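**Q** One structure follows; several queries about it will come next.
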Amino acid sequence: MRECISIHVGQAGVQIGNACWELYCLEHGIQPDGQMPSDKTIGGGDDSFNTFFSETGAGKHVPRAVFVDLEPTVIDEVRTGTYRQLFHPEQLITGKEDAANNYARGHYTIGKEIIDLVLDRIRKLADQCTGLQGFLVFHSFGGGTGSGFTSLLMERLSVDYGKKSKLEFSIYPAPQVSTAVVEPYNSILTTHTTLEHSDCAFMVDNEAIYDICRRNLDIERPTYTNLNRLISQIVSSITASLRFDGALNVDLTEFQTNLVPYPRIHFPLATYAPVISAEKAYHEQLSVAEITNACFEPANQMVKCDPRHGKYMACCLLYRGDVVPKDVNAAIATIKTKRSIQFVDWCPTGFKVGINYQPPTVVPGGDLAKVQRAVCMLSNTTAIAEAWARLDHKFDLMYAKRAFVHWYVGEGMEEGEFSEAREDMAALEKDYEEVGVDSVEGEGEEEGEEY
Amino acid sequence: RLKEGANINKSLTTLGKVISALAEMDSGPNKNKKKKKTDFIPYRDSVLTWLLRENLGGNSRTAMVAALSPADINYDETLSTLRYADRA
Amino acid sequence: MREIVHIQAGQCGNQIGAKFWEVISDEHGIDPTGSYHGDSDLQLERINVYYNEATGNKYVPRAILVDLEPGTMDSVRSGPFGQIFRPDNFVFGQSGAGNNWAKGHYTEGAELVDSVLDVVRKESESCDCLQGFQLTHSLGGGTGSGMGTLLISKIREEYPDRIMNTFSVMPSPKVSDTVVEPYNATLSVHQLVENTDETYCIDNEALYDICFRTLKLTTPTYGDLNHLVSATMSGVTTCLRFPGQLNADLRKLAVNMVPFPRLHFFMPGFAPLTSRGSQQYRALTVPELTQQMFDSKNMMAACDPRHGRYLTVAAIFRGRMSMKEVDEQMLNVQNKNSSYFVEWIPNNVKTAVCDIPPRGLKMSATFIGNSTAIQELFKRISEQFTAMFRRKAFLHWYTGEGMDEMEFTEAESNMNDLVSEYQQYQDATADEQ
Ligand SMILES: CC(=O)O[C@H]1C(=O)[C@@]2(C)[C@H]([C@H](OC(=O)c3ccccc3)[C@]3(O)C[C@H](OC(=O)[C@H](O)[C@@H](NC(=O)c4ccccc4)c4ccccc4)C(C)=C1C3(C)C)[C@]1(OC(C)=O)CO[C@@H]1C[C@@H]2O
Ligand SMILES: Nc1nc2c(ncn2[C@@H]2O[C@H](COP(=O)(O)OP(=O)(O)OP(=O)(O)O)[C@@H](O)[C@H]2O)c(=O)[nH]1
Ligand SMILES: Nc1nc2c(ncn2[C@@H]2O[C@H](COP(=O)(O)OP(=O)(O)O)[C@@H](O)[C@H]2O)c(=O)[nH]1
Ligand SMILES: [Mg+2]
């Protein structure tokens, strides 16, 4: 029973969770009340997939999710929204203030005296599961809660469970635009915890998703709903390998076995190829080769970085719909002959392939067109270092004058921690510069008895 | 008994083959002083020759001593030993 | 009474096994429910090779399915021939190997191997005179490679004097679907070279080539590749089930094909193969089957025989045909292509003939080659393996499951020694000193 537990921390995490659970409820035919008329009409089936929804005796289906936040308003919206009767009434929302974009407030001062209730409910849920696979944690860098409570929760989760995988999806702050003045501080301090306790952290940038929405969907005035729907589609494509039958299934362990060369390098980029409006869905073939090629283009990346400036170390493709293996083989062979895409010499194979029969669904009121085929691309590359490097520069420009530091130390922090975190980030960058270097030389020789 | 005899005979055959190849390669270069690659010596065909790989090959010296029986009645043994002593 | 126990581990092994049981049940006229409705009386004469009898005049195959993930078992049961298998032979667990050879061999598989061995021993003890075992798996995978090698080791420990075959699907340079293919392939070959009597070399690249260029299929899928493989496996052991003018047991093939203990990797092939509409344009005769068998493009291993020498070849014909034609054709093939056959064997073509052909054909033939060119395959894997082992690309995922860096080195050294052993009988003279 391939069960997974979803954790949503912070405003961004819980809105992404809303768009998510909308998508899965649409997928499984579960009405927003939490019932499922499909089994009643047919008379029985496995459409109540155990991966996300636990089935009670009465026929209701409760999601395997925990929502956490310090601001009561964002979860008062969902406690009185359309899906109010889907979730368990226990939402674990502290009737107090918020972290206010401060790691120390969300980790030392107010991050306490709620974490026990959280861990208690994760214990209850994990007791309810059989053969639990891993955790899918949603949060956002920069924000106070999404950094502090995520750090504390991940430390505790590593201490208790340990061997269970903990995948992470996060909102890295953009290069130019930002929604707070102390984003670099929270990012540079939460990088210390995301490096150790996580197993595979996916990063997506708001500026990149804005550019994709503007270009491909022709939405000139997007909002957060579109970005959340895209992220929900990506997560659904990731998880669909263990919910529906497929020619080549890819579980959550194959993910880490194939994408993680070394323990300190688990930061792959993610892309979704067939993003297109309904009007432009016509006049195009949308075959396997087209989507495979579009996955590799720099313009379609979900993080503002150019893969051409780095090297591809690992690659994982997850196809959905009417896809046969020979098209995937042809596309991979075609890509391998392109000089613009450079692979590290120590990874001759490079590619992991997975195929699923279930095609992607369409959310009513959405923007993505109905398509027969689709693919999701997860690539571990060295270009991601650039995405970090710029932020480090900003951190320096804030830390030379010790601006906004009294706010952090007032809640129980010390100055040196900043420096420590900075040093850790520097080390990580050095690692990303050491793995991508080519091999020394042949470095070993033999003579064929020249006498 | 059959299994033990068969495995012993296979081990002896492999040992004789490796010693014969080693002796031929010893004789050849010793008079010709050439380096006809390094040949292939089937060490891995038996665990006995595999464990003794360092002692058999490379720089080394080896010597097999074979016992006989003077009784007429045991002719089939003595001649058989000769056919193994002639090897290499 | 010669009787064969079939084992199938992993996704690839289970799929090929399902297609194989479909083919065999069609050949022996077995209904999906397990009853018999055939016509010829010779189908029940040797049905006990693969099937046990059941009280309602039913027949149940000796298949033993193994997998560390239950999805493939659910797929197999929910299929055309799912009901035929015994429910107790579905041995499986949860939390699959995840493409990790260490998990398949040491951590996870070590706990399920006891149950699998219990089922295998139960099937073995009910066999009147067991001949050997069969295994279907993929070297480049997770559960399949590790558990297959572990089961082979255990069985050879328990049954030393029985034949052990292996229809293993090895990775390819171009068509690669997993990023840790070289480690799994190396560590699997390190065990197969020791604990197997016969191994058949299969890869998806050659089967795709056959589908594209011979059958002219526009959109082939895994079903067709499994179909070709299953045709080969049914062809190999035909002489155990039907009468013949010149029989050929599995042990006869092993004796004639294997000159030395470590050279037991074979290149399979099947004839005839035609693309539907072309069927009327070409006659079926023994010369045509011989021409197609020895064609370079018909091999299912992606190793060109022209880059080496055939140590041995075996041909198993099925159908009513004249022995003079077979002998003359094999002698002609030996004489004309004199440079592609090893010089120090006077005659290295085994021939066998069986009267009964397949259902919808008049004649057919299976080809099993043993040539030096197979070393190329191993070399390619080595050419990748070191390129990942020098920098320790994904090594920690293995060392966290109990393994060690020395074991990789032993596997590499063993494969290199095998490659050298094949390479020695590959140049077309040895005169200069
Ligand atoms: C009726 C007739 O004359 O037509 C042939 C036919 O057209 C051809 C093309 C058949 C046909 O095969 C294919 O199209 C095919 C496609 C993908 C992979 C493999 C085969 C045939 O389908 C296959 C089928 O073969 C059999 O029935 C054999 O007994 C075969 N068994 C099965 O294919 C089988 C299929 C489903 C379920 C159970 C068994 C077999 C082969 C070896 C050993 C035992 C059995 C035959 C005679 C034909 C058709 C029907 C068109 C061929 O079949 C084989 C492998 O013998 C492909 O090339 C040969 C030569 C034939 O001329
Ligand atoms: N992609 C995406 N990002 C969001 C969304 N909502 C908020 N964010 C990001 O979150 C950042 C703001 O910090 P939050 O994550 O909201 O912090 P918080 O959850 O409110 O916790 P506090 O700081 O204590 O209030 C912004 O910079 C956004 O980039 C969303 O709906 N989609
Ligand atoms: N012929 C064939 N090969 C397959 C099939 N499925 C997977 N493979 C091959 O097996 C490899 C994957 O190994 P896998 O079956 O997942 O190993 P497992 O996880 O232990 O079962 C791939 O490289 C494929 O080439 C199939 O249905 N048919
Ligand atoms: Mg907040």
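All residue names refer to the structure tokens as shown: chains lettered A, B, ... in order, residues numbered from 1 in each chain, ligands numbered from 1 in order.
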Quick check: residues of chain B within 9 Å of chain C, only C-alpha atoms, returned as number ranges by chain.
**A** B: 28, 32, 34-36, 39-42, 44-45
**Q** Identify, counting only C-alpha atoms and all ligand atoms, the protein, DNA and RNA residues located within 9 Å of ligand 3, and give them as a PyMOL selection string.
**A** (chain A and resi 247-250+353) or (chain C and resi 9-16+67-69+72+96-101+104+137-147+169-172+175-178+181+202-205+207+221-226+229)
**Q** Could you please write out, as a list in words, every residue of stretch 133-241 of chain C that DSSP assigns to strand (DSSP E or B)?
**A** residues 133, 134, 135, 136, 137, 138, 163, 164, 167, 168, 169, 199, 200, 201 and 202 of chain C
**Q** What does the list of residues within 6 Å of ligand 2 look like if you count only C-alpha atoms and all ligand atoms, written as a ChimeraX atom specification?
**A** /A:10-12,15,98-101,140,143-146,171,178-179,206,224,227-228
**Q** Show me which residues are within 9 Å of ligand 1 counting only C-alpha atoms and all ligand atoms, and format the list as a PyMOL selection string.
**A** chain C and resi 19-27+211+214-215+217+220+223-235+238+270-280+357-362+364-366
**Q** Provide as a count of residues only the residues of chain A at most 7 Å from chain C, counting only C-alpha atoms.
**A** 17
**Q** If we count only C-alpha atoms, which residues of chain A reach to within 10 Å of chain B? Please list them as a PDB file with N, CA and C atoms, in the first residue's frame.
**A**
```
ATOM      1  N   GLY A 448      52.322  -2.894 -23.684  1.00  0.00           N
ATOM      2  CA  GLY A 448      52.109  -4.195 -24.284  1.00  0.00           C
ATOM      3  C   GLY A 448      53.384  -4.982 -24.509  1.00  0.00           C
ATOM      4  N   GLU A 449      54.271  -5.001 -23.510  1.00  0.00           N
ATOM      5  CA  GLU A 449      55.522  -5.752 -23.580  1.00  0.00           C
ATOM      6  C   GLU A 449      56.343  -5.309 -24.788  1.00  0.00           C
ATOM      7  N   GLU A 450      56.849  -4.075 -24.742  1.00  0.00           N
ATOM      8  CA  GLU A 450      57.564  -3.451 -25.850  1.00  0.00           C
ATOM      9  C   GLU A 450      58.999  -3.969 -26.031  1.00  0.00           C
ATOM     10  N   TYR A 451      59.377  -5.083 -25.402  1.00  0.00           N
ATOM     11  CA  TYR A 451      60.706  -5.673 -25.571  1.00  0.00           C
ATOM     12  C   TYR A 451      60.573  -7.135 -25.982  1.00  0.00           C
TER      13      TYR A 451
END
```
**Q** If we count only C-alpha atoms, what is near stretch 82-84 of chain C at a cut-off of 10 Å, once residues fewer than 6 positions away on the same chain are taken out, given as an MDAnalysis selection string?
**A** chainID C and resid 18 21:22 25 30:35 58:61 63 73:76
**Q** Export N, CA, C and O atoms of the chosen residues as a compact mmCIF listing (two decimals), in the first residue's frame?
**A**
```txt
# COMPACT_ATOMS: atom_id res chain seq x y z
N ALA C 18 4.79 -14.72 -18.46
CA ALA C 18 3.38 -14.76 -18.81
C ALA C 18 3.19 -15.03 -20.30
O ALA C 18 2.39 -15.89 -20.69
N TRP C 21 4.08 -18.72 -21.02
CA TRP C 21 3.04 -19.67 -20.65
C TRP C 21 1.86 -19.58 -21.60
O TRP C 21 1.24 -20.60 -21.90
N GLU C 22 1.56 -18.38 -22.11
CA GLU C 22 0.57 -18.26 -23.18
C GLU C 22 0.96 -19.11 -24.38
O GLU C 22 0.15 -19.90 -24.90
N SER C 25 0.85 -22.93 -23.56
CA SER C 25 -0.52 -23.40 -23.43
C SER C 25 -1.21 -23.49 -24.78
O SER C 25 -2.00 -24.41 -25.02
N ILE C 30 -4.10 -25.94 -24.03
CA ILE C 30 -4.63 -25.78 -22.67
C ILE C 30 -5.49 -24.52 -22.64
O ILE C 30 -5.07 -23.45 -23.09
N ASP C 31 -6.70 -24.66 -22.10
CA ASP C 31 -7.60 -23.53 -21.94
C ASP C 31 -7.06 -22.60 -20.85
O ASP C 31 -6.28 -23.02 -20.00
N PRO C 32 -7.44 -21.31 -20.87
CA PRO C 32 -7.05 -20.44 -19.75
C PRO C 32 -7.53 -20.93 -18.40
O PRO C 32 -6.86 -20.68 -17.39
N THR C 33 -8.68 -21.61 -18.34
CA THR C 33 -9.15 -22.16 -17.08
C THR C 33 -8.36 -23.38 -16.62
O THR C 33 -8.55 -23.83 -15.49
N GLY C 34 -7.48 -23.92 -17.47
CA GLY C 34 -6.66 -25.07 -17.13
C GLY C 34 -7.11 -26.38 -17.72
O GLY C 34 -6.41 -27.39 -17.54
N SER C 35 -8.24 -26.42 -18.41
CA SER C 35 -8.70 -27.64 -19.06
C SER C 35 -7.98 -27.84 -20.39
O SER C 35 -7.23 -26.98 -20.86
N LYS C 58 -7.37 -31.24 -14.68
CA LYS C 58 -6.80 -29.92 -14.96
C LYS C 58 -5.28 -30.01 -15.01
O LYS C 58 -4.68 -31.01 -14.60
N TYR C 59 -4.66 -28.94 -15.51
CA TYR C 59 -3.21 -28.84 -15.59
C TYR C 59 -2.77 -27.48 -15.07
O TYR C 59 -3.35 -26.46 -15.44
N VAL C 60 -1.76 -27.48 -14.20
CA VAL C 60 -1.27 -26.27 -13.54
C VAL C 60 0.23 -26.15 -13.81
O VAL C 60 0.97 -27.11 -13.54
N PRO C 61 0.75 -25.04 -14.33
CA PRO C 61 2.19 -24.97 -14.60
C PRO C 61 3.02 -24.92 -13.33
O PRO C 61 2.54 -24.57 -12.25
N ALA C 63 5.28 -22.82 -12.68
CA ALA C 63 5.87 -21.50 -12.58
C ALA C 63 5.99 -21.06 -11.12
O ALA C 63 5.14 -21.37 -10.29
N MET C 73 2.58 -8.67 -9.84
CA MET C 73 1.74 -9.83 -9.57
C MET C 73 0.27 -9.51 -9.84
O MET C 73 -0.46 -10.33 -10.41
N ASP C 74 -0.18 -8.32 -9.43
CA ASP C 74 -1.55 -7.91 -9.71
C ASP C 74 -1.80 -7.82 -11.21
O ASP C 74 -2.87 -8.21 -11.69
N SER C 75 -0.83 -7.29 -11.95
CA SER C 75 -0.97 -7.23 -13.40
C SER C 75 -1.06 -8.62 -14.01
O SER C 75 -1.86 -8.86 -14.92
N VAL C 76 -0.24 -9.55 -13.53
CA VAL C 76 -0.23 -10.90 -14.09
C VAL C 76 -1.54 -11.62 -13.79
O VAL C 76 -2.11 -12.28 -14.67
```
**Q** Which residues in chain B does DSSP call alpha helix (DSSP H)? List them as a ChimeraX atom specification.
**A** /B:2-32,47-51,53-56,75-85
**Q** Using only C-alpha atoms, which protein or nucleic acid residues come within 12 Å of stretch 21-23 of chain B? Drop anything in the same chain fewer than 4 positions from it, and give the result as number ranges by chain.
**A** B: 14-17, 27-30, 38-43, 53, 55-63, 87-88
**Q** Could the residues in this selection be written to a file with C-alpha atoms, as a PDB file, in the first residue's frame?
**A**
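In the end it all went to part.pdb:
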```
ATOM      1  CA  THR B  14      42.599 -28.259 -14.368  1.00  0.00           C
ATOM      2  CA  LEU B  15      45.804 -28.319 -12.306  1.00  0.00           C
ATOM      3  CA  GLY B  16      47.607 -30.314 -14.983  1.00  0.00           C
ATOM      4  CA  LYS B  17      46.408 -27.948 -17.701  1.00  0.00           C
ATOM      5  CA  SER B  27      60.383 -22.859 -21.746  1.00  0.00           C
ATOM      6  CA  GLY B  28      59.514 -20.524 -24.612  1.00  0.00           C
ATOM      7  CA  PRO B  29      60.719 -17.113 -23.361  1.00  0.00           C
ATOM      8  CA  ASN B  30      63.655 -18.759 -21.543  1.00  0.00           C
ATOM      9  CA  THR B  38      51.195 -12.852 -21.365  1.00  0.00           C
ATOM     10  CA  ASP B  39      49.229 -15.859 -22.700  1.00  0.00           C
ATOM     11  CA  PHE B  40      46.014 -16.801 -20.894  1.00  0.00           C
ATOM     12  CA  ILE B  41      46.397 -19.125 -17.909  1.00  0.00           C
ATOM     13  CA  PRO B  42      43.034 -20.645 -16.841  1.00  0.00           C
ATOM     14  CA  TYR B  43      43.479 -20.033 -13.122  1.00  0.00           C
ATOM     15  CA  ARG B  53      47.670 -18.399  -8.214  1.00  0.00           C
ATOM     16  CA  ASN B  55      52.642 -19.636  -6.008  1.00  0.00           C
ATOM     17  CA  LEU B  56      52.023 -21.248  -9.410  1.00  0.00           C
ATOM     18  CA  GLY B  57      52.676 -18.270 -11.672  1.00  0.00           C
ATOM     19  CA  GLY B  58      54.805 -15.185 -11.980  1.00  0.00           C
ATOM     20  CA  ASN B  59      58.328 -15.551 -10.704  1.00  0.00           C
ATOM     21  CA  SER B  60      58.323 -18.873  -8.854  1.00  0.00           C
ATOM     22  CA  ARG B  61      59.691 -22.417  -8.948  1.00  0.00           C
ATOM     23  CA  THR B  62      57.633 -25.587  -8.550  1.00  0.00           C
ATOM     24  CA  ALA B  63      58.235 -29.324  -8.317  1.00  0.00           C
ATOM     25  CA  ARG B  87      52.059 -34.125 -17.853  1.00  0.00           C
ATOM     26  CA  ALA B  88      53.864 -30.771 -17.902  1.00  0.00           C
TER      27      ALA B  88
END
```
**Q** Using only C-alpha atoms for the distances, tell me which of A:424, A:252, A:37, A:69 is nearest to residue A:95.
**A**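 Checking each candidate against residue A:95, we get A:69 as the closest.
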**Q** Would you compute the distance between atom CA of residue A:155 and atom CA of residue A:190? Give it in Å to one decimal.
**A** 11.5 Å
**Q** List the neighbours of stretch 196-198 of chain A out to 7 Å using only C-alpha atoms; skip same-chain residues closer than 5 positions along the sequence, and give me the result as a list in words.
**A**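 Close residues of stretch 196-198 of chain A: residues 154, 155, 158, 166, 167 and 168 of chain A.
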**Q** Near stretch 66-76 of chain B, within 8 Å and counting only C-alpha atoms, which residues show up once chain neighbours fewer than 4 positions away are dropped, as number ranges by chain?
**A** B: 80-81, 85
**Q** Which is closer to residue C:48 than all the others in C:130, C:403, C:112, C:411, using only C-alpha atoms?
**A**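 So, comparing all the options, the nearest one is C:130.
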**Q** Expressed in Å to a single decimal, how great is the separation between atom CA of residue A:230 and atom CA of residue A:275?
**A** 8.8 Å
**Q** For residue A:425, list every protein, DNA or RNA residue within 8 Å, evaluated using only C-alpha atoms, and leave out those in the same chain fewer than 6 positions away; present the list as a VMD selection string.
**A** chain A and resid 188 191 to 192
**Q** Would you save the residues from that selection as a short mmCIF file (atom, residue, chain, number, x, y, z; two decimals), in the first residue's frame, using N, CA and C atoms?
**A**
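Everything below was put into again-v4.cif:
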```
data_model
loop_
_atom_site.label_atom_id
_atom_site.label_comp_id
_atom_site.auth_asym_id
_atom_site.auth_seq_id
_atom_site.Cartn_x
_atom_site.Cartn_y
_atom_site.Cartn_z
N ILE A 188 19.17 31.91 3.60
CA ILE A 188 20.54 31.53 3.89
C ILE A 188 20.63 30.80 5.22
N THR A 191 18.96 27.10 4.52
CA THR A 191 19.78 26.21 3.69
C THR A 191 20.57 25.21 4.53
N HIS A 192 20.87 25.56 5.79
CA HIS A 192 21.61 24.65 6.65
C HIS A 192 20.79 23.40 6.96
#
```
